[PDB]
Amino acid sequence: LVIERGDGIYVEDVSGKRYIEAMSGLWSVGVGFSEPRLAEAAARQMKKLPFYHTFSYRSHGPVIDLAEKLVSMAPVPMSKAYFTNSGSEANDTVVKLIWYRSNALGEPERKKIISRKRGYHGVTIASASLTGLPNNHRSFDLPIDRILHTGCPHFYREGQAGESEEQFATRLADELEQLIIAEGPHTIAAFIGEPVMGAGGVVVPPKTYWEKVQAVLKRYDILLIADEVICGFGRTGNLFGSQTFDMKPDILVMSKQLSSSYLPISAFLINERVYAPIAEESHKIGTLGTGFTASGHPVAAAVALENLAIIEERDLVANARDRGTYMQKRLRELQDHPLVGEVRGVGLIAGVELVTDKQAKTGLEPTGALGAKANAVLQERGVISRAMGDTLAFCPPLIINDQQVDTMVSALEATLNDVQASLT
């Protein structure tokens, strides 16, 4: 599919056919595809100071404004923001700084990071190791040493016979605790998780998961890294997924909706517990020996600022919350469709996992075929979704209205009816 242009929630192919971009591109184009104020911010900044770096005691106005704004918006108290170009680089730098921090605290053995199966955190050698999907690892010799993976919190696929949702949450927290014990708790630096796993299939954790996991972490004083690359800036019904799931991270990683992907920029926030010992170590060494050339890029930072100003002025968090409520309700009305195994989601993100045998939870051979089949029909009906195996994902822009949500979910129902007719 060759996409050429976009407008609001829509994109157009070269032939002129219009689609709802129900993924907001790559989970990221929050303000839609034609926000003129972002081009205005970019052009203005690029003619004033198109580039300056933030190395060696240098700065500029856009990065200063954006650092202040991100710290001020944090869902828990934070101390500093640090800027990169991507989500992958941010998670990579986070891992490195955790290792530095542990060295800075006299803990040379506290270097292990716990991630999760089906988690997605990037593509660098380190951040692809954090990622818990098989194809990111296969043939790349990953994961690197120090990166561990605990279970995926996906009740529909991991729950045991007869187990309840809250028991499943208890079992995942207990399995985490067993992992920490078996490794040696003093060796565990951090735990990383997305509030809701996006790329892994829009996996919403079971109720009480994050409370119980945080209890475990807190017992051993392990750092929590909230990966808000997808969930950040209104996706889940609040400004951050950490608010929606009552998470209290030490480190919060952002990208994507930060600039609505109009330019490459990413950031993470660290609290005082993280910052203070890194600062002291940088002073003994003489510098903090990391950073990307374009870290804090002034044009990207100007666009991000204007993007956040628009999300606040137009009440887009609330807009996403309310259209999300409607979308979640509409999608769950398809539960009794013969092809619908599970509907899951919160706020303005959802997944619909397709099956041909509800009791066995199985689809066509191989798993993925059913999702590919339905996704082709859905596209043909004017809706671009992402297939993750047999799950179709929905993550539309924050500017969507109810009428557009109705259009998108009706196309999904007509799609599933079509696919059902092809198989009978």
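Just count from 1 along the sequence shown to find any residue number.
In this entry, 134-142 has the higher mean Cα B-factor, the comparison being between 99-107 and 134-142.
As listed in the deposited structure, the average C-alpha B-factor of 154-162 and of 261-269 is greater for 154-162. By the numbers in the PDB entry, the CA B factor is greatest at 368 among 397, 36, 368, 62. Per the deposited record, 219 carries the highest C-alpha B-factor of all listed residues (235, 219, 171, 116). For residue 194, the recorded CA B-factor ranks within the middle third of the chain. Only modelled residues enter the ranking. For residue 381, the recorded CA B-factor ranks within the highest third of the chain. Only modelled residues enter the ranking.
Per-chain ranking of the deposited C-alpha B factor places residue 242 in the middle third. Among all modelled residues in its chain, residue 374 ranks in the highest third by Cα B-factor. In the PDB entry, residue 53 places in the lowest third of its chain by CA B-factor.
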